[PDB]
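Working notes, structure below.
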2 protein chains.
Amino acid sequence: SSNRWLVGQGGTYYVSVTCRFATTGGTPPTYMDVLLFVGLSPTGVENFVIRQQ
Amino acid sequence: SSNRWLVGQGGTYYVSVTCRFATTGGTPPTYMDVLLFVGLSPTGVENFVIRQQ
């Protein structure tokens, strides 16, 4: 659906994720830190994949 | 070819790209920013994949 994936058959899956973070409007900040997660919950945090600054 | 792929059959393709950008000679600059695209033309920017710095 618009935000979530319902799995049809459980098993081994090759998951690929990509997303670009930017800033719009005003004075850009001096820094950000970013974490990407995949979860079974709206706050699901079980598979943390990549963090960049 | 030397710089391009001819699609034999249209469909879904899992493509991976990797390019290492560095500097040679002189005084190294203070900043690099590179954007990568998958295009249908030599000047094409149809599928922007990653911008990094």
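Cβ atoms come from the backbone with ideal geometry, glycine included; neighbour counts cover every protein chain shown. Values quoted throughout were computed directly from the atomic coordinates according to the rules given, and no laboratory measurement underlies them.
What are the residues in region A:1-28 that are closer than 22 Å to residue B:36 by Cα and of a type in the set (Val, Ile, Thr), if any?
Within region A:1-28, A:15, A:17, A:18, A:23, A:24 qualify.
State all residues of region A:29-50 that are surrounded by 10 or more Cβ atoms within 10 Å (Cβ to Cβ) and within 19 Å of residue B:33 (Cα to Cα); if no residue qualifies, say none.
A:32, A:34, listed by residue number.
Looking at region A:16-23, is at least one residue touching a residue at least 24 places away in the same chain (Cβ under 8 Å) and not polar (S, T, N, Q)?
yes
Consider residue A:48 carefully, then state whether it is more than 14 Å from chain B (Cβ to nearest Cβ), within 28 Å of residue B:53 (Cα to Cα) and without any contact (Cβ under 8 Å) to a residue 60 or more places away in the chain.
When the stated conditions are applied, residue A:48 passes them.
Among the residues of region B:1-22, count how many are away from chain A (no Cβ under 14 Å) and either in contact with a helix residue (DSSP H, G or I) (Cβ under 6 Å, 6 or more places away or on another chain) or farther than 23 Å from residue A:52 by Cα (or both).
11
Would you mention how many residues in region A:15-42 are β-branched (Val, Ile, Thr), in a loop (DSSP other than H, G, I, E, B) and touching a strand residue (DSSP E or B) at 6+ places or on another chain (Cβ under 9 Å)?
Matching residues across region A:15-42 total 3.
Quick one: residue A:37 ticks every box in (1) within 14 Å of chain B (Cβ to nearest Cβ); (2) in contact (Cβ under 8 Å) with a residue 12 or more places away in the chain bar one, so which box is it?
(1)
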